[PDB]
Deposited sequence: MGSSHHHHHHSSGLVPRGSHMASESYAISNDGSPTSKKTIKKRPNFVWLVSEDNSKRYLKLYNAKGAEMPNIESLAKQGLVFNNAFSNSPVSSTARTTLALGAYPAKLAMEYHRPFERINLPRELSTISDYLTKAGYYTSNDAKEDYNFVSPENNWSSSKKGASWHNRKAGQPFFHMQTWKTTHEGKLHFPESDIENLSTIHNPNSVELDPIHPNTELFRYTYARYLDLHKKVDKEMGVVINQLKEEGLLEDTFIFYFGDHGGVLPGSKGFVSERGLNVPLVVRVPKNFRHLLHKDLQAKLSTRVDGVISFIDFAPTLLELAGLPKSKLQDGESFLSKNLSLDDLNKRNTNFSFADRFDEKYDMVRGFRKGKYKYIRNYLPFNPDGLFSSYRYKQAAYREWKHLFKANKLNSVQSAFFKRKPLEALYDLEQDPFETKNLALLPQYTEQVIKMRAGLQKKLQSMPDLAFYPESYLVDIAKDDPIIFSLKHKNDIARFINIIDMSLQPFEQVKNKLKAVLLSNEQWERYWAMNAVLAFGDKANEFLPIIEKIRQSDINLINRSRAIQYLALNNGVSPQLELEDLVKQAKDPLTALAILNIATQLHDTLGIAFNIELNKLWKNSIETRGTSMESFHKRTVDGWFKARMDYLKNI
């Protein structure tokens, strides 16, 4: 009476590596067979560009940013609010047998009985007769770590796919190493298709195909350089195929029954997956969920194709931090860089274990990249706007062109409205946010919704003419609210030399602010714009830092200064402070090792 669900998930991979989507992608017979009686989605996206935040999104059908869960990997996992749970929990409570093999990577504390079984080898096979099932399985074959091979492999190990015929992303240098790396990733797609075929063939042999909705997708965009970790479309777009079972076509509009392979162009987001399973299972959506089912009885293909919106979020990835938000609407992609002085290339240990990332940066410093290839390593515009139909690789910023003036304002207002209404908790620094919000993020968000609107208004003053906002900005710099001073300094950093008139106030923040991150921002400004040598002060503030996250924040600032000004830092940490402890220790070790050398 009720449908089964299967989620087949490959790690870290975007759609361009699949022949299903790209003429130069990898042949994948097993996935392509799913597509024969399936919906092939051309515009599926995660809402963030890394595993933990995307998988959190998949599970909850809600934005991690509004739940203090936007940090990979978490310093502290957050407890779920009363009225929101995971799709595996909802289904388990509805009588489904739910199995997960095996990666979770949630940024919340798990519900009790979250899965019937979640471990290596967990399977639908242990369900009682007549009991519907939900099986989720992850393959790590396409994970970023698999591209961390030694550069000598270009000579010593050959690929099955031809690197000489690789057509690279325009932001990439056209090098032997980049073509080779691309080819290596194509090879992994061939391998993971084989592996997924094992599970698909079991379902076939057991006569379950026509009772089961089978989803195949990647768990976020990636994973060549400039993708994973960024809310460019590269970090967000994923393949998505849904094989529609014959016995439950009646749950779907005739348009979507996939009697023949059917392409869908409407924008689907990871927030939509859980509500989709809920509707197919005949269960109600939670009021705290942000997504909307894309498989519904009265929803035509035309109607589904009208959907054209995706909001995306990036904050901390391992030791490296930045704050970026993306807003896609129709053909337009808008990016808001709240901290534009942080280049996307800002050092991250794990990113740069990929030899292509190191070559990319080396070529940048050797002045051998063109302007499209070098944008990754440079100071960012406060806003960028792209026409994805004309410019799918986001190479031409339209925000400074006169005919796009109205569109800039429309996208700007849309994002502001969304982030205010959510509200986006990440306008509170993690070092403050997560410890307070840990027991119930919703309670925190209700109390601080207005405060967050104020933070957003303050930082968005940096979009305006300096003289127009000068007085307002000054009052906030002198505010009694430490996080308002924080966002005011960030706006000042955005303005750069245009805010020189504030030098005395910045100096006082530098010397005397009760908040050490505020001091660090002031120091950062004076180092970037006024020749101040920040090494000693920042080293001192790191040692003085009350807790790990505050220290980590200051180390991120030291990294930005390191990269931009070519200076080394001799870092020593606070005396005052186990897979979690290993992870956290690794962040600091990564930062200390890196900063020691110019």
Missing stretches, numbered from 1 on the deposited chain sequence and kept in order: 1-41, 619-630
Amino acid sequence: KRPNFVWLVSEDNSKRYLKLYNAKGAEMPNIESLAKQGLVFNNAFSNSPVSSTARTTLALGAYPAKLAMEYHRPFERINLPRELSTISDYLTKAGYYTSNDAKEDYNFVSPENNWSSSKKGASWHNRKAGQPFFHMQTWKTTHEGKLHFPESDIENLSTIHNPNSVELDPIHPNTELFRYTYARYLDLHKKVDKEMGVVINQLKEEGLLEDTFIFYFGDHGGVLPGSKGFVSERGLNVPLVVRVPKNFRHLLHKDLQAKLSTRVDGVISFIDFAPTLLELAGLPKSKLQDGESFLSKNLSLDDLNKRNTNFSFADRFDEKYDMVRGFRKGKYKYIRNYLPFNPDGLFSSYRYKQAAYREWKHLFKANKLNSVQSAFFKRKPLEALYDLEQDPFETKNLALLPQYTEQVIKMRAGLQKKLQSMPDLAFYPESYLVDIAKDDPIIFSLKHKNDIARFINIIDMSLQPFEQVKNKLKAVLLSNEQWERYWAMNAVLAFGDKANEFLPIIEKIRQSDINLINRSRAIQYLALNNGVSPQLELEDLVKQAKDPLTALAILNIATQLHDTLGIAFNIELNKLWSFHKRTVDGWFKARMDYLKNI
From here on, numbers count along this sequence of modelled residues.
I need to verify one thing: averaged over C-alpha atoms only, is the B-factor higher for 225-233 or for 182-190? 182-190
Looking only at C-alpha temperature factors in the entry, 202-210 or 84-92, the higher average sits in 202-210
Criterion, highest CA B-factor; candidates, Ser52, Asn47, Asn556, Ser533: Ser533
Just grab whichever of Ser269, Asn156, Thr142, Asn342 has the top CA B-factor as deposited. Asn156
When the modelled residues of the chain are sorted by Cα temperature factor, does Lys543 land in the lowest, middle or highest third? highest
Could you look up the Cα B-factor of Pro441 in the entry and say which third of the chain it sits in: lowest, middle or highest? middle
Tertile call for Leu58 (CA temperature factor, within chain, third-based) is the lowest
Check where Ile160 lands among this chain's C-alpha B-factors and tell me if it's the lowest, middle or highest third. highest
Within-chain third of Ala35 by Cα B-factor, per the entry: highest
